[PDB]
Amino acid sequence: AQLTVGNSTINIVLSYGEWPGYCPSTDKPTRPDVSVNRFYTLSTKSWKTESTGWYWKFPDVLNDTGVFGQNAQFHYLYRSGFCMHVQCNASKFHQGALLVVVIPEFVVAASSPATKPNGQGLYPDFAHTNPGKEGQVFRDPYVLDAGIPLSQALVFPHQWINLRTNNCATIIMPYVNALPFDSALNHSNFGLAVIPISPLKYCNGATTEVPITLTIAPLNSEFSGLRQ
Amino acid sequence: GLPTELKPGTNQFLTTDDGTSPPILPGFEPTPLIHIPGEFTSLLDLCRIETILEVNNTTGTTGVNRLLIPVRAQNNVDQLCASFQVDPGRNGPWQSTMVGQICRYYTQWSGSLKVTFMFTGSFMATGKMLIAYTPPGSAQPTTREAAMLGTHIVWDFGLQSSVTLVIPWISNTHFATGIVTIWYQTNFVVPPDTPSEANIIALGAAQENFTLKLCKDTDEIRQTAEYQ
Amino acid sequence: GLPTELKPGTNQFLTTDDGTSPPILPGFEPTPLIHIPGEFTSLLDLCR
Amino acid sequence: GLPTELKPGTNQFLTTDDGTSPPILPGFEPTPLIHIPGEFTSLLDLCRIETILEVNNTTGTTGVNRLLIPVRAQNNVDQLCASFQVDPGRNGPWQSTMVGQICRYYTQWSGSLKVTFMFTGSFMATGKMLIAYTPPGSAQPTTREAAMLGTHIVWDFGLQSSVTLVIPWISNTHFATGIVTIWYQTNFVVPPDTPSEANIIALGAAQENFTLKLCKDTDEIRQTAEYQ
Amino acid sequence: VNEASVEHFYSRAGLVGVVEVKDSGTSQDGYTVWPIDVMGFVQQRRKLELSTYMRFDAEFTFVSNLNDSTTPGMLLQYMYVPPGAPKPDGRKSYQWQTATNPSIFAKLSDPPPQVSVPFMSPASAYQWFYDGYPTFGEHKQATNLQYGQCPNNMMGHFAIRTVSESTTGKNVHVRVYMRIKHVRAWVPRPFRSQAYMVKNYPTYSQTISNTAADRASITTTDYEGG
Amino acid sequence: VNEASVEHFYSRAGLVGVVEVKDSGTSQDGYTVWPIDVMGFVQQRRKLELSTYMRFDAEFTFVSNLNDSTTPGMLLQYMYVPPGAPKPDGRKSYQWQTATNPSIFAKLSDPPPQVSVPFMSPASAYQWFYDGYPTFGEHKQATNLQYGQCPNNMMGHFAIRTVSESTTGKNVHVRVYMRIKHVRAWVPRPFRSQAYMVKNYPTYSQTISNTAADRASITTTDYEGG
């Protein structure tokens, strides 16, 4: 009951019904295969009562991490998909539900501070646009830190985590863009939002923090224009 | 020379006319198409996606708490839990679904809906609810025994986490339609050291035979401010 | 280009003319026909 | 009679329209064609011709001295000789090439360039230069050892008088691109009674896959004088 | 099933923007440029944001008349400045002539002019949601300005003048109608649930409009609706 | 690859020359001739000089209106005087009638007139670079006048009048748009690298504009460009 790729150890939602491939010879890139193809298990988020949620930006989260992060910040062009596995370790006495959703071209927004003519420029800071490996917390999860409502987020590729039912979720995301290749540093293709729809609840004498865990595997990566 | 004669429809600009126009740039060759995953040719494909239905719209509730409905230990028997209309066009819970937003761009719709429920309580909890559908022309059932009569499904928490209810032969054409009530069948049974209050999530979507006609413009976006 | 020449019947609205007109709603699909008993195509059937 | 109806595109003169017009002189028979050598049907055939690239544009230099770059006996080691951008559209050395003038009549171009060098020193002189190419997104190499890394050609004066360097996958599309540096690899070796200072000539041209689109009007000819 | 197509949903040319050529008042410089935003009006801004990616050809129509509704046979010039060209600085500016810069000469008395614009983007499709930054300009301290903006979506400009040496005393009102045609879309989105504020940025306010209406209790459906 | 053709590079009718028929001021003789230079504006002068030899048919269009932009249904006459004919000396001159001298009668209120001119040269192609002298007139002392001029390139004239016995009080502004079509070219040239001075002669000045820009040193690419 386990599977291993490249000395890394550890149902499936296939986004838009297409399996990520390589681009053809047209329409000489470097293909690292299992060197950069492995399981990156990033840090663990403690999920609490009264927690709003978290989000990531996927070409961004691995920019500082490991071998994939080396190639990313040095090759000029980038293409790849991802296989993303979100696990939650809880007990039969905890209850709650998580909505794991993959938002293509997820663009964070800023909120105007209540009373003001609101014409001046407001803008999300660089921490919210590129949260890095640590992810970022929703201040307003109901609108997804954008204008779109949460209740319709199910139109994106998603999966439910219901603690009484399965505790794991796996989403495979093909490369989606308007260009065959793009910049890994500047452009963020999508992001995960893990949103506790139904809040977390338990009884006294149990574990308060429930450890949501995120593990992401690049798929069919290819690079171009290697600098120093 | 074939002498012609002009008709009354001449020199007429009809905004809905599909005509032919000279290209301003001839010989201009636009960028070729690369395969982009996830194209959608129809809105009906977006209607068949189950999206969250906000059944708790009561004035006091704010935030994501609107998207879920409480169940708890009742000191009374056979009480009513929640109720909502089946009409996607009208103002109400269906405004949060993708179907309810996408049918407000059209004048008339017809077809079947399905409404899925999902129980987020703990794995140890058990109980039964009674989910009843009331056809048009009838009022809301007063008591459970009146609802026990036709078009109901009794739903057990232990056995299944989710359950589905199909709504036949819906149409708006005009100028009371449908009601779905959720009744406590038994009581909410719980072991020690586990939460006694849970939540239910309501999803809804169109089915295959659903159709739309006579596209109009939506009233939600009015926004009298001219700065937008 | 087939150069043409206009004639005296141009810019003329004749109320009894059976012409061709652009539909204001294209792609609009009207309600289909259900069989209704007792259609009459002629007034002579009402004279008899 | 086939009664017609006029449309909104009537009585419209569009300057880019290719129409049909009556000849003012009918039956006029123009002079017949005699075979004239050297017709050209495309501008791409004029892009593939290597033309001189003026790499010494420094303020002091005037005349033909702009078209050639000096090499001489260096009292220091591994010094940088000359450097220039690879961008044919921008103001710089490429303005003197035929490619740089012919791509300023278009908005966007893409393809490969080649840059040929030719050594005009004496037949008895020897030495080596290091010709390095730096892909986009990278800065100019600081030292030779940094340039010794990928995409370089070490070029010997004695063996070959000329050498060629191809530049891949160039595109301007937007709204640092490319750098070619020439390093002294060794030193300039000379026998007695022969000049110690020579010159290098830089040629450049497009290759087969180069393309152009969206013709516009050039900004070089402005010439505010209305007498012209 | 045909009336629900995305081809039909984006059809039926609407009013994109209005523009006024002003010869009358303190201005007295007849001409205007116009950006071709396509998102100008908030209501069509939603329908386009339904998808992430769009590829379409546009058909523009120009309806023009005076302050009072009259059509006294002037001549106008409709100058389409494609992306990456300069813009007229004045009515007699040298850029009104040029070439490669398509123009339409049409008298007011005529039927409205009609032109089609192909798909002009460098990429394979338009995108109104672009995450990340267009350029490397960065040592920013904190300057977040250009986030989310994409250069690839700019379509042209239209410049209109009255084709008159001397200053006319007339103001011309031009309505622009665009018809999207041959449209493909990718990656559906949810509809905007909040009120738009800035034109180019998806910013909302801190008072959050509820997605649905309100009612008395979760049980009773009695008054108003819910 | 099609957009780079010489057929496409010479397309898209531009504005060749403007001409003004003057009935108003001290002049009060309505008519103008116009040479059909095709090189009048300096910017199209370069593109044509790209080649040595050219063979093409031209399509002319006449956009006309008043001082203010108005179109009060006058009648004009567009007289094409082919090469080797005489030119009207006045508005009532006998040469406005003739024959073999094509005319266009068009009211301002109409759409603009449109005509095509075939290839008129005695040789097989036009040439704007002609080395040597057209004639033997020579005992010149030193007179270099006619060097480089070629007679073979003259295309016609256009003469326009207002078709009125009495003097009108109106000035008519005529814009001429020409569209090169069916074009062949031979013997490519380099682009003009200096500023033009005289119309017909390739003379330049003694202050030589550099072909490229300038920069600090041959090594550093830092400020401005180079």
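Using ideal geometry, Cβ is built from the backbone for each residue, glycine included, and neighbour counts are taken over all protein chains shown. Throughout, read-outs are computed from the coordinates displayed, never taken from laboratory work.
Yes/no matrix, rows are residues, columns are (1) more than 23 Å from A:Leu163 (Cβ to Cβ); (2) surrounded by fewer than 17 Cβ atoms within 10 Å (Cβ to Cβ); (3) at the interface with another protein chain (Cβ under 8 Å from one of its Cβ atoms); (4) of a type outside the set (D, E, K, R):
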site	(1), (2), (3), (4)
B:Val189	no, yes, no, yes
B:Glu197	no, yes, yes, no
B:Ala206	yes, no, no, yes
B:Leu214	yes, yes, yes, yes
B:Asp217	yes, yes, yes, no
B:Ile221	yes, no, yes, yes
Of all residues in the stretch A:11-25, how many are assigned to a loop (DSSP other than H, G, I, E, B) and closer than 20 Å to A:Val176 by Cβ? 7
Go over the candidates D:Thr58, D:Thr62, D:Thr142, D:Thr41 one by one and state the one that is polar (S, T, N, Q), touching a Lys or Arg at 6+ places or on another chain (Cβ under 7 Å) and more than 25 Å from D:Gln160 (Cα to Cα). D:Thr58
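This table checks each residue for (1) closer than 21 Å to E:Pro190 by Cα; (2) touching a strand residue (DSSP E or B) at 6+ places or on another chain (Cβ under 6 Å); (3) surrounded by fewer than 17 Cβ atoms within 10 Å (Cβ to Cβ).
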{"site": "B:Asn11", "(1), (2), (3)": "no, no, yes"}
{"site": "B:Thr20", "(1), (2), (3)": "no, no, yes"}
{"site": "B:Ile36", "(1), (2), (3)": "yes, yes, no"}
{"site": "B:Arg90", "(1), (2), (3)": "yes, no, no"}
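Just checking, which of D:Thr116, D:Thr126 is more than 7 Å from every other protein chain (Cβ to nearest Cβ), within 19 Å of D:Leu53 (Cβ to Cβ), out of contact with any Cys (no Cβ under 6 Å at 6 or more places or on another chain) and not aromatic (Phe, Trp, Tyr)?
Working: D:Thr126 fails: within 19 Å of D:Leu53 (Cβ to Cβ).
After ruling out the rest, the residue left standing is D:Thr116.
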Return the pairs, sorted by first residue and then second, in which the second residue is in a strand (DSSP E or B), the first residue lies in the stretch B:93-118 and is closer than 14 Å to E:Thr211 by Cα, the beta carbons are less than 6 Å apart, and the residues are 6+ apart or on different chains. B:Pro93/B:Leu53; B:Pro93/B:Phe84; B:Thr97/B:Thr51; B:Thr97/B:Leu53; B:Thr97/B:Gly204; B:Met98/B:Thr51; B:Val99/B:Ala206
With the requirement that a residue be within 14 Å of chain A (Cβ to nearest Cβ) and either surrounded by 21 or more Cβ atoms within 10 Å (Cβ to Cβ) or closer than 16 Å to D:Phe175 by Cα (or both), what does the stretch E:139-166 give you? E:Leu145, E:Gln146, E:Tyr147, E:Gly148, E:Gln149, E:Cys150, E:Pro151, E:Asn152, E:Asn153
E:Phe56 being aromatic (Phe, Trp, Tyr) and within 23 Å of B:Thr16 (Cβ to Cβ): yes
Note on the stretch A:60-109: residues under 10 Å from the mean Cα position of the chain (by Cα) and not in a strand (DSSP E or B) are A:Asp60, A:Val61
Tell me, which residue of the stretch F:1-47 that is surrounded by fewer than 17 Cβ atoms within 10 Å (Cβ to Cβ) and of a type in the set (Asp, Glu) is farthest from F:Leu75 (Cα to Cα)? F:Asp37
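From the residues in the stretch E:197-211 that are of a type in the set (A, V, I, L, M, F, W, C) and buried (at least 16 other Cβ atoms within 10 Å of the Cβ), which one is farthest from the chain's Cα centre (by Cα)?
Selected residue: E:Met197.
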Among the residues listed as B:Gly9, B:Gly92, B:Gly111, B:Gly60, the single one being in contact with a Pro (Cβ under 8 Å, 6 or more places away or on another chain) and either more than 18 Å from B:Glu208 (Cα to Cα) or of a type outside the set (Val, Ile, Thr) (or both): B:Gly9
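How many of the residues making up the stretch D:10-57 are part of a loop (DSSP other than H, G, I, E, B) and under 30 Å from B:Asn11 (Cα atoms)?
Here the count works out to 11.
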Do any strands (runs of 3 or more DSSP E) entirely within the stretch F:112-195 hold 2 or more residues that are of a type in the set (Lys, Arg) and closer than 30 Å to F:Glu20 by Cβ, and if so, which? F:171-186
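In the stretch E:198-215, which residues are among the aliphatic types (A, V, I, L, M) and either over 16 Å from B:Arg66 (Cβ atoms) or facing chain B (nearest Cβ under 7 Å) (or both)?
Going through the stretch E:198-215, the residues among the aliphatic types (A, V, I, L, M) turn out to be E:198, E:208, E:212-213.
Within the stretch E:198-215, E:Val198, E:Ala212, E:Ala213 meet the criteria.
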Within the stretch B:19-51, residues being within 24 Å of E:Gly14 (Cα to Cα), hydrophobic (A, V, I, L, M, F, W, C) and away from chain A (no Cβ under 14 Å) number 2
Residue pairs, Cβ under 9 Å, 6 or more apart or interchain, first in the stretch B:5-18 and more than 9 Å from chain D (Cβ to nearest Cβ), second among the hydroxyl-bearing types (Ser, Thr, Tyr). List them. B:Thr15/E:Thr61; B:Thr15/E:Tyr177; B:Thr16/E:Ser11; B:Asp18/E:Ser11
Criterion first (of a type in the set (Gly, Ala, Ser) and touching a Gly at 6+ places or on another chain (Cβ under 9 Å)) does A:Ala97 satisfy it? no
Give the residues of the stretch A:188-216 that are within 14 Å of chain B (Cβ to nearest Cβ), buried (at least 22 other Cβ atoms within 10 Å of the Cβ) and in a loop (DSSP other than H, G, I, E, B), sorted by residue number. A:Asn189, A:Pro196, A:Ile197, A:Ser198
Given D:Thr151, D:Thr143, which one is within 14 Å of chain A (Cβ to nearest Cβ), farther than 22 Å from D:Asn56 by Cβ, β-branched (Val, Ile, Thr) and in contact with a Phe, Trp or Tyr (Cβ under 7 Å, 6 or more places away or on another chain)? D:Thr151
If F:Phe60 satisfies every condition in (1) surrounded by fewer than 19 Cβ atoms within 10 Å (Cβ to Cβ); (2) assigned to a strand (DSSP E or B) but one, which is the exception? (1)
For the stretch B:125-141, pairs from a residue that is on the phi > 0 side of the Ramachandran plot to a residue that is surrounded by fewer than 19 Cβ atoms within 10 Å (Cβ to Cβ), with Cβ under 6 Å and 6 or more apart or across chains, are B:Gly127/B:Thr186; B:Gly127/B:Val189
Of these, D:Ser171, D:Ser161, D:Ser138, which one is away from every other protein chain (no Cβ under 14 Å) and among the small types (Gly, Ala, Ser)? D:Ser161
Would the stretch B:189-200 turn up any residue that is farther than 30 Å from A:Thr207 by Cβ and in contact with a strand residue (DSSP E or B) (Cβ under 7 Å, 6 or more places away or on another chain)? no
Spot the failing condition for F:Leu48; the list is (1) within 30 Å of D:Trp109 (Cβ to Cβ); (2) within 11 Å of another protein chain (Cβ to nearest Cβ), and only one is missed. (2)
How many residues are touching a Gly at 6+ places or on another chain (Cβ under 6 Å), more than 7 Å from every other protein chain (Cβ to nearest Cβ) and over 21 Å from B:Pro141 (Cβ atoms) if we restrict to the stretch B:56-93? 1
Could you check how many residues of the stretch E:59-94 are at the interface with another protein chain (Cβ under 10 Å from one of its Cβ atoms), among the hydrophobic types (A, V, I, L, M, F, W, C) and closer than 19 Å to E:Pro111 by Cβ? 6
